[PDB]
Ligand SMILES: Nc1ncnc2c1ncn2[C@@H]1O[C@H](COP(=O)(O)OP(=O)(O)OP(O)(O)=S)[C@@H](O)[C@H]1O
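Just the one chain here, laid out as structure tokens, in the form solved without the ligand.
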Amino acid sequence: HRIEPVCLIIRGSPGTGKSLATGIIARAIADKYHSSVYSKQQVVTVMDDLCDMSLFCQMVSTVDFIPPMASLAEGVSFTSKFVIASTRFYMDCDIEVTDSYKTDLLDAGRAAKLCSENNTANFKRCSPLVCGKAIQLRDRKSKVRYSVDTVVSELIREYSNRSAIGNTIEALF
């Protein structure tokens, strides 16, 4: 059977543009792993607007899982290393828009620009959406804040330790 997939769910109110986070997050994870995002044995699968829970609980597990397809059968057991959800959770995070980057009533127009400096970890270029300047993440069963860049740093680190240990443990048996 399989390593449990590391998974990040993003809780927030509409207009926070959470899909802008799970998108930026998944892409940046599928690149490191030279892959794409699924929304064919992809690395990351994005599950946006999660109310679904029987289908989730069957992805994020250690069992072997075969998901339904429209086409009959067709080599496809679910193997995605990461699951990013927006609404088993390695991380469980609240979305927070800095008041500065809020519209009259999130202001993506302003929140998406290129800061002069590029001090990122996982992005070829920097922005307020990844520098933490415009948007932050807080685990709720741990009181740590993240930027888009540092949450993707965490999730790659955690998958790596889980794989090393989880792989040599299964060898024991």
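Between two forms, the rigid core is the largest collection of C-alphas that superpose within 1.5 Å. Only residues modelled in both forms are compared. So that there is no doubt, residue numbering starts at 1 and follows the sequence shown.
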item	value
Gap size, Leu106 back to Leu105 (deposited sequence, no coordinates)	1 to 3
Average Cα temperature factor in the PDB entry - higher stretch of 3-11, 164-172	3-11
Entry-reported Cα temperature factor of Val97, expressed as the chain third it lands in	middle
Cα B factor band for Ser77 (lowest, middle or highest third within the chain)	highest
Chain-relative CA temperature factor third for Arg140	highest
For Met69, the third of its chain into which the C-alpha B factor falls	highest
Chain third (lowest, middle, highest) by recorded CA B-factor, residue given as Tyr146	middle
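Keep in mind that the form solved in complex with the ligand is missing from the display, and what follows is about it.
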query	finding
Open or blocked, once the ligand is placed by superposing site C-alphas in the deposited complex (3+ ligand atoms within 2.4 Å of backbone or C-beta means blocked)	blocked
Options 115-123, 139-147, 63-71, 41-49; stretch whose heavy atom lies within 4.5 Å of the ligand in the deposited complex	41-49
In the deposited complex, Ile156 touching the ligand (heavy atom, 4.5 Å)	no
Interface membership of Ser13, the ligand in the deposited complex, 4.5 Å heavy atom rule	yes
Sequence-ordered runs, three or more residues, C-alpha shift 2 Å or more between this form and the one not shown, rigid core	72-74, 166-173
